[PDB]
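All remarks here apply to the structure that follows.
Read-outs throughout are calculated quantities, based only on the coordinates presented, and are distinct from any laboratory measurement. All Cβ positions, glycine included, derive from the backbone under ideal geometry; neighbour counts span all protein chains shown.
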Amino acid sequence: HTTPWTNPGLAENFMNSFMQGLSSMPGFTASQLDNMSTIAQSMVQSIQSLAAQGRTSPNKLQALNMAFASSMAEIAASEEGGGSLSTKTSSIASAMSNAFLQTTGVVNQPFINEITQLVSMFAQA
Amino acid sequence: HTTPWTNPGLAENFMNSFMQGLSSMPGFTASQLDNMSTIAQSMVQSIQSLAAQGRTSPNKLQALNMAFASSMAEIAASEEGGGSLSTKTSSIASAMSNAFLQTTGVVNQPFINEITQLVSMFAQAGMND
């Protein structure tokens, strides 16, 4: 129960740290950051509600983290303005590394790679 | 044009239709479906809470619909059992298609394509640690 994918408190921490980190990085307009921030806080409140009901599990937390990450990559790839796609991608990636350092202290690089690949996937669709 | 992210009612109806539908398709164990259901109602509830405050917009709902769909794709790709990966993918796609039809009345095939790509992508990757 030592990771955001297994511990609901860490999952919440992860999403909060992501947003805090991202808020000082380039590529995003004020609306985009607001949009991301609103979705982050929705996801966090949702995990808290589920944890209180004993309704999180590694499988669900895992799916919910992917939901958070995908939603972020979605906003960056489909909302125009603020900076280049590559800047936006670097910022997501950099905000994710910190979120890991802030939580587990261990960067999950393949997961970060997976999210940048998504930003590109969504961009092309 | 009219999409599941056009407004909060359409967003929630879409998610509810996906579930009810996929719940009658092959490829999934009962606990994969219940995991899907748990997450879907959790996002319905999230959208309701945001809408109550006038905090939705088509950008935000579009991001939330992708949050919904990617999590369905994750559970399908990563939870073992129930049936083939090819069948799971077919069921997700027909359930999204029907959910469009029940909701807006118009299938978004490029959206269904990217969700089937996600299933394929998430099965390759995994969620390790």
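Report, to one decimal in Å, the Kirkwood hydrodynamic radius for chain B based on all distinct Cα pairs. Kindly include the intermediate steps, with their values, before the conclusion.
On the way: mean 1/r = 0.0684 Å⁻¹.
The Cα-based Kirkwood calculation yields 14.6 Å.
I'd like the Karplus ³J(HN,Hα) series for segment B:104-112: coefficients 6.51, -1.76, 1.60, θ = phi - 60°, whole numbers in Hz, and an x wherever there's a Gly or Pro.
Taking θ as phi minus 60°, the curve returns 8, x, 9, 5, 9, 4, x, 5, 5 Hz for segment B:104-112.
What residue among A:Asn13, B:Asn128, B:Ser42 has its Cα farthest toward the positive end of the dipole of the protein assembly as shown, where the charges are +1 on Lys, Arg and -1 on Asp, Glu, each on the Cβ?
Toward the positive end, the furthest listed residue is B:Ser42.
Going by how many other Cβ atoms sit within 10 Å of their own, how do A:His1, B:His1 line up, fewest first?
Working: A:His1 9, B:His1 6.
Lowest count first: B:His1, A:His1.
Would you calculate the separation in nanometres between label points at A:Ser37 and B:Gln45, each defined as 7 Å from the Cα along the Cα-to-beta-carbon direction?
2.5 nm
Per residue of A:28-34, how many C-beta atoms from partner chains lie within 10 Å of its own C-beta, taken as a mean?
Details: counts 0, 0, 0, 3, 1, 0, 4.
Other-chain Cβ atoms within 10 Å of each residue's Cβ, averaged: 1.
In whole Å, what is the distance between the alpha-carbon centres of segment A:25-74 and segment A:81-125?
14 Å
Placing +1 at every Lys and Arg Cβ and -1 at every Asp and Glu Cβ, with all other atoms neutral, what dipole size does the protein assembly as shown have around its Cα centre, in debye to the nearest 20? Before the final figure, lay out each step's value.
Details: 6 positive and 13 negative charges, 41 e Å.
Once rounded to the nearest 20, the dipole reads 200 debye.
Add +1 for every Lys or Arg and -1 for every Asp or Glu among the other residues with Cβ under 12 Å from the Cβ of A:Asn59, and state the total. Could you put the intermediate results ahead of the total?
On the way: positive: A:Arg55, A:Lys60; negative: B:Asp34, B:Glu74, B:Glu79, B:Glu80.
Neighbour charge sum, excluding A:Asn59 itself: -2.
For segment A:62-125, which GluC sites (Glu not before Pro) are both in a DSSP coil and crowded by at most 11 other Cβ atoms within 10 Å? Could the numbers behind the result be given before it?
Values: sites: A:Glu74, A:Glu79, A:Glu80, A:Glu114; in loops: A:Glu79, A:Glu80.
Passing sites in segment A:62-125 are A:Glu80.
Provide a whole-number value for the mean count of partner chain Cβ atoms within 10 Å of the Cβ atoms in peptide B:112-125.
Details: counts 0, 1, 6, 0, 0, 3, 5, 0, 0, 4, 4, 0, 1, 6.
What the average comes to for B:112-125 is 2.
Using all alpha carbons of the protein assembly as shown, what is the percent of pairwise distances in each 5 Å bin, ordered from the shortest bin to the longest?
All Cα pairs, binned at 5 Å, distribute as 1, 7, 15, 20, 21, 19, 12, 5, 1, 0 percent.
Please compute the average number of Cβ atoms from other chains found within 10 Å of each residue's Cβ in peptide A:74-86. All intermediate terms of the calculation are to be shown ahead of the outcome.
Details: counts 10, 5, 1, 1, 4, 3, 0, 0, 0, 0, 0, 0, 0.
Across the residues of A:74-86, the mean count of other-chain Cβ atoms within 10 Å is 2.
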